[PDB]
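Working notes, structure below.
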Amino acid sequence: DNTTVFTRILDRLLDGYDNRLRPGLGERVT
Amino acid sequence: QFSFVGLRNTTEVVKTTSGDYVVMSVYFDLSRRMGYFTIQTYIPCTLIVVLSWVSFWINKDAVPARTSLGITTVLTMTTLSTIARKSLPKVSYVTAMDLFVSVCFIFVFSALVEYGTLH
Amino acid sequence: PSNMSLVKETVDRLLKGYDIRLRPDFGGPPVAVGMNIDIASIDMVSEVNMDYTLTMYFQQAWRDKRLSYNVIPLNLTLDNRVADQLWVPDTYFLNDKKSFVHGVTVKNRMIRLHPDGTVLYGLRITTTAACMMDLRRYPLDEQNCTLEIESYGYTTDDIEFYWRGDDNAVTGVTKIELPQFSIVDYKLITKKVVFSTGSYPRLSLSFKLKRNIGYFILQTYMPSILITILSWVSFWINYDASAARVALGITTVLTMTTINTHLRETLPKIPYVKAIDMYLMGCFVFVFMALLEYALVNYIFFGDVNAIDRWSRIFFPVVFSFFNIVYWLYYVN
Ligand SMILES: *[C@@H]1O[C@H](CO)[C@@H](O[C@@H]2O[C@H](CO)[C@@H](O[C@@H]3O[C@H](CO[C@H]4O[C@H](CO)[C@@H](O)[C@H](O)[C@@H]4O)[C@@H](O)[C@H](O[C@H]4O[C@H](CO)[C@@H](O)[C@H](O)[C@@H]4O)[C@@H]3O)[C@H](O)[C@H]2NC(C)=O)[C@H](O)[C@H]1NC(C)=O
Ligand SMILES: *[C@@H]1O[C@H](CO)[C@@H](O[C@@H]2O[C@H](CO)[C@@H](O[C@@H]3O[C@H](CO[C@H]4O[C@H](CO)[C@@H](O)[C@H](O)[C@@H]4O)[C@@H](O)[C@H](O[C@H]4O[C@H](CO)[C@@H](O)[C@H](O)[C@@H]4O)[C@@H]3O)[C@H](O)[C@H]2NC(C)=O)[C@H](O)[C@H]1NC(C)=O
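Below, the structure written as structure tokens:
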């Protein structure tokens with residue numbers, strides 16, 4: 009069951025992530 | 200540098216750690232073409248050996264001339280050995296070309312020491 | 006043809022629902038990634054760059070319980086293109102300046118899912134592994150070179166390297182015929198290096214190369230020694246009229262310079278004299294001192460003299476022999 013949690017976390021990480029923009033664009037320096 | 204005498208195919212089984220495999224080997228019978236190396240190296244170095252005899256035929260005490268000839272020959276022999284070294288790989292073998300140039304080398308050295316003892 | 010469909014459905018079942026991100030037995034004991042190497046050949050030993058080019062049939066067998074099948078009593082060997090769909094150890098060679106897996110005809114690579122689960126993954130690799138060369142005894146050197154296999158992202162908790170077979174894991178080393186070298190011995194070590202993050206696995210294949218003095222004794226030492234002998238010939242000539250002796254002596258250093266110039270091309274620039282430059286320079290010093298001996302005797306005579464001549468004649472061979480004996484004794488051991 010440990011793997012299920014781990015793989016679900018990896019699945020949900022990239023959801024909604026747009027790699028074209030650096031972190032905190034227009035808010036603060038990275 | 201070589202001539203294609205002919206081809207010869209084969210097929211056997213080779214045993215390895217992964218398992219058993221069939222290996223198809225095509226043998227190309229390459230025969231050496233010695234003409235280029237003969238004219239490049241053998242002919243001039245042999246002429247150096249003959250040049251050694253020229254010093255022998257030089258006669259009379261004539262110390263400066265004998266010394267000049269004898270010592271001057273070794274320079275060209277050394278240069279020829281260096282040039283022959285280019286095509287030779289680093290294989291730890293007693294190469295026939297190396298044997299030949301070494302024979303010429305010791306021949307010139309023997310001629311020079313022959314004059315040394317004669318003097 | 007029923008076996009064809011059976012193998013098809015079994016392979017489809019295995020590769021379906023497979024997470025390349027998760028190592029075998031994730032959240033469990035370390036996966037015992039056995040290794041196995043067979044050195045096809047050592048192409049060359051580049052001492053100038055201090056590295057050697059090695060081509061090997063690198064193989065690494067581990068167990069993945071997911072890739073387990075029992076219906077077919079045979080060992081599938083799928084196409085090499087399936088490796089990208091299966092988990093693989095993140096192995097890297099610590100001392101690896103440049104390497105590539107051969108591509109002709111297809112990408113040289115193997116997969117073989119054994120019935121139990123053991124996956125025999127192998128690649129045909131060419132590596133220009135780095136090897137710190139201590140060329141201070143060169144050419145009478147015993148250069149020791151190693152290949153350092155190590156996992157990159159996994160610590161000893163998750164992965165573990167061992168030589169399947171205590172010593173048989175390395176094969177084909179004896180048949181290797183290096184051009185200028187002889188592989189005196191090879192050893193395999195299985196360390197667990199401790200880094201800042203944690204303890205990482207490590208396998209250190211080592212080859213104790215020995216320089217082949219048979220080649221270089223005639224290539225390099227023999228000409229220099231012979232020229233040195235020619236220097237001795239000068240003393241015999243005369244002292245009343247030695248205008249020939251000066252010429253004979255002064256030609257020898259030119260010969261030495263030419264030999265040295267041709268030699269320097271192959272060698273690196275390590276500051277220590279090495280076994281070779283020390284000998285060449287010592288022979289240079291001996292012939293130079295022969296020229297100086299001629300200078301001294303000629304000056305004294307034109308400024459007893461016979462005794463000077465004969466004492467020099469006896470002195471030079473014996474002191475040169477002492478130099479040769481000392482050098483050979485020092486560097487042979
Ligand atoms: C598909 O995959 C299977 C599973 O990996 C492999 O089957 C192997 O087949 C080889 C045949 O050459 C077997 O080799 C022999 O196995 C004997 C029994 O091995 C069992 O017992 C030993 C006891 O120590 C265990 O270590 C081992 O894991 C097995 O549980 C050995 O007794 C043999 O020893 C000697 O045999 C001859 C004798 O002259 C020597 O030449 C050998 O060098 C060796 O010293 C020998 O090792 C091998 O065991 C099988 N593997 C397994 C796991 O059982 C094949 O890859 C393949 N098999 C197929 C398709 O049928
Ligand atoms: C070419 O150059 C490489 C340099 O990398 C040489 O490689 C070294 O080889 C030596 C000898 O094989 C290696 O020494 C080995 O060390 C191991 C680790 O020792 C520790 O072991 C436990 C942890 O497992 C500690 O608790 C303990 O305190 C030790 O500190 C040993 O396990 C090895 O086996 C035996 O070592 C000694 C006896 O020699 C005893 O401790 C035991 O009997 C033990 O079983 C071995 O000693 C060394 O690690 C290698 N790497 C280096 C030096 O970096 C190559 O050897 C060389 N080529 C050739 C042909 O020699």
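Here the protein sequences line up with chains A, D and E, keeping their order. Residue 9 is where the first sequence starts when you use the deposited numbering, and the numbers rise one by one after that. Residue 200 is where the second sequence starts when you use the deposited numbering, and the numbers rise one by one after that. If you count by the deposited numbering, then the third sequence holds residues 6 to 308, 459 to 488, one letter each, in order. A virtual CB, placed ideally from N, CA and C, is assigned to each residue, including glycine.
Residue i versus residue j: straight-line alpha-carbon distance, rounded
i, j, result
"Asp101 of chain E", "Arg129 of chain E", "15 Å"
"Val293 of chain D", "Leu152 of chain E", "31 Å"
"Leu250 of chain D", "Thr278 of chain D", "15 Å"
"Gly308 of chain E", "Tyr299 of chain E", "14 Å"
"residue 326 of chain D", "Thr210 of chain D", "Because chain D is modelled from 200 through 318, residue 326 of chain D falls outside the range shown and cannot be assessed."
"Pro34 of chain E", "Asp163 of chain E", "7 Å"
"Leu208 of chain E", "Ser104 of chain E", "18 Å"
"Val222 of chain D", "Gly287 of chain E", "54 Å"
"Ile255 of chain E", "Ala249 of chain E", "10 Å"
"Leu33 of chain A", "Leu21 of chain A", "19 Å"
"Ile247 of chain D", "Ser467 of chain E", "33 Å"
"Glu165 of chain E", "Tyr235 of chain D", "58 Å"
"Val76 of chain E", "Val124 of chain E", "17 Å"
"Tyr205 of chain E", "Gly39 of chain E", "15 Å"
Neighbour flag for residue i against chain E, beta carbons, 8 Å
i, result
"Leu18 of chain A", "yes"
"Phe255 of chain D", "no"
"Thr11 of chain A", "yes"
"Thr15 of chain A", "yes"
"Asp297 of chain D", "yes"
"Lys289 of chain D", "yes"
"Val212 of chain D", "no"
"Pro263 of chain D", "yes"
"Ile247 of chain D", "no"
"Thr277 of chain D", "yes"
"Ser267 of chain D", "yes"
Chain D within 8 Å of residue i, Cβ atoms only
i, result
"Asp245 of chain E", "no"
"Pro228 of chain E", "yes"
"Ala300 of chain E", "no"
"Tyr284 of chain E", "no"
"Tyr220 of chain E", "yes"
"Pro120 of chain E", "no"
"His267 of chain E", "yes"
"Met115 of chain E", "yes"
Cβ-based contacts, 9 Å cut-off: residues of the stretch 214-240 of chain D near chain E: Residues passing the 9 Å Cβ filter: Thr215, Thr216, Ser217, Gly218.
Contact set between the stretch 25-58 of chain E and chain A, restricted to residues whose Cβ is under 8 Å from the partner: Residues passing the 8 Å Cβ filter: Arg26, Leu27, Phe31, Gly32.
Neighbouring residues (CB closer than 7 Å to any heavy atom of ligand 2): Result: E:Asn149, E:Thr151, E:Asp190, E:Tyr191, E:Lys192, E:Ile194, E:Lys196, E:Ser209, E:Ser211, E:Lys213.
Contact the stretch 224-239 of chain E vs the stretch 288-308 of chain D: 3+ CB pairs below 8 Å: Yes, since at least three Cβ pairs between the stretch 224-239 of chain E and the stretch 288-308 of chain D fall closer than 8 Å, the two stretches touch.
Nearest-residue set for ligand 1, Cβ under 5 Å from any heavy atom: So the residues near ligand 1 by this Cβ test are E:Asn80, E:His119.
Short-range partners of chain D found in the stretch 62-78 of chain E, where Cβ spacing is below 9 Å: Residues of the stretch 62-78 of chain E with a Cβ closer than 9 Å to any Cβ of chain D, in chain order: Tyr62, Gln64.
Contact between the stretch 135-151 of chain E and the stretch 50-59 of chain E (3+ Cβ pairs under 8 Å): Taking a cut-off of 8 Å for Cβ pairs, the stretch 135-151 of chain E and the stretch 50-59 of chain E touch, as three or more such pairs fall below it.
Three or more C-beta pairs below 8 Å linking the stretch 178-193 of chain E and the stretch 209-224 of chain E: Taking 8 Å as the limit for Cβ pairs, the verdict is that the stretch 209-224 of chain E does touch the stretch 178-193 of chain E.
Inter-stretch contact (C-beta, 8 Å, three-pair minimum) for the stretch 281-297 of chain D and the stretch 188-199 of chain E: Touching, no.
The stretch 172-182 of chain E in contact with the stretch 77-92 of chain E per 3-pair CB rule at 8 Å: Output reads no: the stretch 77-92 of chain E does not touch the stretch 172-182 of chain E.
The stretch 461-479 of chain E touching the stretch 231-242 of chain E, judged by at least three CB pairs closer than 8 Å: The stretch 461-479 of chain E is in contact with the stretch 231-242 of chain E.
The stretch 17-29 of chain E in contact with the stretch 278-287 of chain E per 3-pair CB rule at 8 Å: Cβ pair count under 8 Å is below three, so no.
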